[PDB]
């Protein structure tokens, strides 16, 4: 078991992070309060239902438990609960959990590429918090559905955390091996030797026919999809928790340094990393929020003697500060997102320069991470 060698770029002009002011308790508190205000407003708006993956003119539409993104809404609720302990949040979120348990029992609109995202921030999340047996039941069942459908995209590094959890609850090594196998399979096949992320085959390897499930994400075969990069930056340290393989840290350094080096002047990624300032292209804030979470996670484990550790700390503070000051929602209206200016799917023209629910979740996760010693759902 070994990861292929990648180019680890040195961090270019580190002082553009190191000279930043660290976010204070007051700054993060207020960013949280502002997010939660919008969350409480959207609770009346959604009821027991869910937001759409992305907003339309910066307003979400209401939908049922049928997409790949529903767990992120419930995740936001559990994150808010971490903060204020408001039982209202735990009541509503648990009603999402029961809906998720119903979903996996009846196999409604289920795809194995998405089981991690749907059940970790919703159901595993509740189990972490209060040990609810229905939330455990739905998570284990979602993990068992993931095992048989394996019996390859960067996204999967996040998905396999569901398997690591299954192994910890059951003791069954078979969950762990699949997770380990798939981590290396993803690292060696969805990461380029220059540390950029790329995709699996978009076409059937037998016939060449167009595939249904996922179509197009980056700008081109030569580009660097920003969220794909971000999936790696967070997916790696999550797997590293369970694997303690030093090569994962090196892989993290490669993927993160690649990301940091292609950030514009305000340190918020464009939707693809070949774009920078003066391109007119939209930003992807959800990528930047995701990267902050990954960097924050890896810093728990990165040795004090790593020459880039302090730069990583200041980099994540810089990216988050910019997200708070320049990209967070100010308009207190029903249906508005927590975070503006993401892009869902550029090629299909879905959610371009719009708020998205994973972006809202990861921005809020980053705030909670900074503010408190947060026990991970993942």
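Residue numbers count along the first chain shown, from 1.
Student: According to the PDB entry, how many deposited residues between residue 279 and residue 280 are absent from the model (none, 1 to 3, 4 to 9, 10 or more)?
Tutor: Unresolved stretch here: none.
Student: Going by the B-factors listed in the PDB entry, is the mean over the C-alpha atoms higher for 45 to 53 or for 315 to 323?
Tutor: It is 45 to 53 that shows the higher mean C-alpha B-factor.
Student: Between 271 to 279 and 293 to 301, which has the larger average Cα B-factor in the PDB entry?
Tutor: Stretch with the higher mean C-alpha B-factor: 271 to 279.
Student: If you check the C-alpha B-factor for each of 124, 207, 91, 248 in the entry, which is highest?
Tutor: Answer for 124, 207, 91, 248: 207, with the highest C-alpha B-factor.
Student: From the list 120, 261, 215, 285, select the residue with the highest C-alpha B factor recorded in the entry.
Tutor: That would be 215.
Student: Where does residue 211 sit by CA temperature factor within its chain: lowest, middle or highest third?
Tutor: Its C-alpha B-factor belongs to the highest third of this chain's values.
Student: What third of the chain, by the recorded C-alpha B-factor, contains residue 141?
Tutor: Highest third, going by the recorded CA B-factors of the chain.
Student: Among all modelled residues of this chain, ranked by Cα B factor, put residue 7 in the bottom, middle or top third, i.e. lowest, middle or highest.
Tutor: It falls in the middle third of the chain.
Student: How does residue 306 rank on Cα B-factor within its chain, lowest, middle or highest third?
Tutor: According to the entry, residue 306 has a C-alpha B-factor in the chain's lowest third.
Student: Should residue 151 be placed in the lowest, middle or highest third of its chain by the C-alpha B factor in the entry?
Tutor: Highest third.
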